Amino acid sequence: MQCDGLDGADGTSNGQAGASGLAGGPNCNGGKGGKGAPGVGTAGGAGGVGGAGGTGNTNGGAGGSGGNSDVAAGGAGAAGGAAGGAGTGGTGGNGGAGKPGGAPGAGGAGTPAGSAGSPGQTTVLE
C-alpha cells in the first residue's frame, strides 16, 4: 500500500455486473471491484474483480459482491486481486442474496492472502 488503484463502477441497471477494479499503477494498490446490481424479476449481477497490485509492495483490491435478486439467484461475488511484492491480497466479494444465493469470490494471494467471501443468504420455506 502506497498509491490508490481505480475502483470499478457498481452495476446499476437490472442485473448489471460490477466492473473490475484496475490493476495498480507503479506503487499503487489494485482497485476495488464494483458491486453487482440487484435483479428484479431476474438474477442479480455478478461482482467485479479486484485489481492486482502494481509494482512494489502493494495490496490487491477487494472483489465486488454480487447483487441480490427478489425472485431469482443472487449474483456471485468476484475474486480479490493478488498483492504485488510483500503486500496483502484482496478479500473476495460476497454472493448476493437470492434463491439460491450467489457463490462467493475467492481471496487474492499475498502475504497474507485475502479471505474468500461468503455465499449469499438464502430464504427457506418452513
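One rule holds for the numbers: they count along the sequence shown, beginning at 1.
- Once the C-alpha B-factors are averaged per stretch, 35 to 43 and 73 to 81 rank with 35 to 43 first.
- Per the PDB record, of the two stretches 44 to 52 and 83 to 91, 83 to 91 carries the greater mean B-factor over its C-alpha atoms.
- The residue among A9, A106, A23, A17 whose C-alpha carries the highest B-factor in the deposited model is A9.
- Comparing the listed residues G66, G63, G98, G30, the entry records the largest Cα B-factor for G98.
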